[PDB]
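Presented below is the structure to which this report refers.
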Amino acid sequence: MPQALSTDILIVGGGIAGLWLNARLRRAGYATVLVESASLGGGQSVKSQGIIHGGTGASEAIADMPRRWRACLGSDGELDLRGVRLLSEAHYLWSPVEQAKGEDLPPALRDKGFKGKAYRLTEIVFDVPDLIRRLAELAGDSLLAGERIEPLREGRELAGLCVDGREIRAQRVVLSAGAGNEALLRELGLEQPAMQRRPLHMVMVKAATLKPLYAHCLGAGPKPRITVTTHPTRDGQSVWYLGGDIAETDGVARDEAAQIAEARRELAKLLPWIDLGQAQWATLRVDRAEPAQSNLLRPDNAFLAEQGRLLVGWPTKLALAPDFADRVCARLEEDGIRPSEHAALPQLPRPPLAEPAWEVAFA
Ligand SMILES: Cc1cc2nc3c(=O)[nH]c(=O)nc-3n(C[C@H](O)[C@H](O)[C@H](O)COP(=O)(O)OP(=O)(O)OC[C@H]3O[C@@H](n4cnc5c(N)ncnc54)[C@H](O)[C@@H]3O)c2cc1C
Ligand SMILES: [Hg+2]
């Protein structure tokens, strides 16, 4: 028998949404346990491009995100993320806000061959592994590696969970397990809220010759043709990580070589002044985990649902993790749930941190 535990809020899943919420709750005086079955940040989060989007009824929530995340890096934000690494102070639009010129242009667009125009946004780009590291620090002793989860009932009521045979009692249980939310819901005998999986086929290029770039390339059409972010590697090279429309439906249908070949064509057109002849190339397939369209959604918002003492959801964007936290805290607030008194947590087995794919795919 492992030592039984007691807290206020028990969170399942240590990606950005669970970790951010955990940090908010602890800051507000709640006791928590956060349960992760693999590595923290290791589903979608560390695989994101790290861009904090900010672009109004439903669309209000997203618009305020860059300001909110920025605040956290200083003295007066909703979390203490001071000393978290930004990859870039700005993300850019790139066409054929501020119009950027001369040495205000991103390094990769300073070339004389750069025709067309770039626009600087308030949007920010975070080093996600370093973000996750800090949120794990803010978690303190709440963090628990646990693989196998069962419900802990009191009649029909959900009193907590049994994690690797350990009973953990809690006033609420929150499922922030990404793609794992579906099977956890089934484990509780639930089928709502339903989940969808929208795959991406992301491309990574690694070379010594790359110059920093954080941008959506627009042709015609609302959506980015490609989305570039630059990621430094431990050995002193960089990696350009490519999302956008190249990583969507037709990218998904292309195999690795066809997807790489498509990526080479497009970089030769858009950034011909950067020699990729010595570059290494890889791709990455990953599913976005979202509420199904069959749920009651507001689009540019986090999604949350509940059944009894169970709260469950998805941020939809990494950007919107603070909105996911707000939605949980307003339920707690409306329901009158306050911090109670609990024994200190013992020593617990701790989940590992995830590495970014650019360190694993080449190194
Ligand atoms: C390629 C890509 C690029 C993206 N780029 C951006 C971007 O630039 N900007 C932006 O705002 N958003 C972006 N997103 C969206 C963003 O990544 C997600 O919305 C967000 O990271 C999801 O956070 P999460 O914590 O809900 O999910 P996850 O990060 O998937 O975390 C879920 C966690 O739960 C754990 N878990 C699963 N099952 C169980 C279980 N049974 N028991 C215990 N733990 C479990 C997992 O191991 C995982 O760590 C991107 C997504 C992808 C796929
Ligand atoms: Hg472009």
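When a ligand or atom number is given, it counts from 1 through the structure's own listing order. We number each residue from 1, following the sequence as shown. Both backbone and side-chain heavy atoms feed into the values below; hydrogens, waters and symmetry mates do not.
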Flag the pair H216 / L93 as yes when at least one side-chain heavy-atom distance between them is below 4.5 Å, and no otherwise.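 Side chain of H216 against side chain of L93, heavy atoms only: contact under 4.5 Å found.
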Is the closest side-chain heavy-atom distance between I62 and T56 below 4.5 Å?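 The answer is no; the side chains never approach within 4.5 Å.
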Can the ring centroids of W20 and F324 be said to lie less than 6.0 angstrom from one another? no
Is it true that [X] and [Y] have a side-chain N and a carboxylate O under 4.0 angstrom from each other?
X    : Y    : answer
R327 : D323 : yes
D80  : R82  : yes
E60  : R298 : no

Begin with the C-alpha distance, continue with both residues' side-chain angles, and end with the deciding distance and a verdict on side-chain contact (heavy atoms from CB on, under 4.5 Å) for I16 and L131. CA-CA 9 Å; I16 192 81; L131 171 60; 3.4 Å; yes
Any idea which heavy atoms bring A179 and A289 closest together, and the distance?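 Smallest heavy-atom distance, with atoms named: N-CB, 3.3 Å.
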Look at the rings of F126 and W69 and say which category their plane angle falls in: under 30° parallel, 30 to 60° tilted, over 60° perpendicular. perpendicular
Tell me, which residues have any heavy atom less than 4.0 Å from some atom of ligand 1? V12, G13, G14, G15, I16, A17, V35, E36, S37, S39, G42, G43, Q44, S45, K47, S48, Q49, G50, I51, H53, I149, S176, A177, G178, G180, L184, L200, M202, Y241, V286, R288, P315, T316, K317, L318, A319
Near the Hg ion (ligand 2) (cut-off under 3.0 Å), count of protein N, O or S atoms: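 Atoms of protein N, O or S type lying less than 3.0 Å from the Hg ion (ligand 2) total 1.
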